[PDB]
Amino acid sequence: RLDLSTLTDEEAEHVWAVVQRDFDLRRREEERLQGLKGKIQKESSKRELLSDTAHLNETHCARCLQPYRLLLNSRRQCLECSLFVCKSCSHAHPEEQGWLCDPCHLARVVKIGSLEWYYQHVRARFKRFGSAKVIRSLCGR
């Protein structure tokens, strides 16, 4: 097992600190992703409700529901779910002449942002991540 006895204490005290900061970080990143996943469900269910309100997207933004004629920008189609939304609720996506609706945009930051590919290869080669391993080893004090 990773054997930290060699570490003198001024050192030990330092390492842990660095490790704490790492945990603070991890915590934060999981809540960041939670929040976004939260926004995608809320917006997504709203769609499922207004879904029975015939042709509403034709006159109202799919995201903020404000009326088109009242805005200072100009209606746009999401290249993804092909609904319309105002400039304020739209975003120009990475690779393609066009735009994305604020929900579809988060939907994508989340799929790429989570990094499943990475965290799973990590989890399948070791049982825990660095700070974790180093935390139990630093418990030998």
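Heads up: residue numbers just count along the shown sequence, starting at 1.
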Average Cα temperature factor in the PDB entry - higher stretch of 25-33, 86-94: 86-94
Residue stretch of maximal mean CA temperature factor, 49-57 vs 63-71: 49-57
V109, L115, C101, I40, ranked by C-alpha B-factor: the highest one: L115
Third assignment of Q120 from its chain's C-alpha B-factors: highest
Modelled-residue ranking by C-alpha temperature factor, third containing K133: lowest
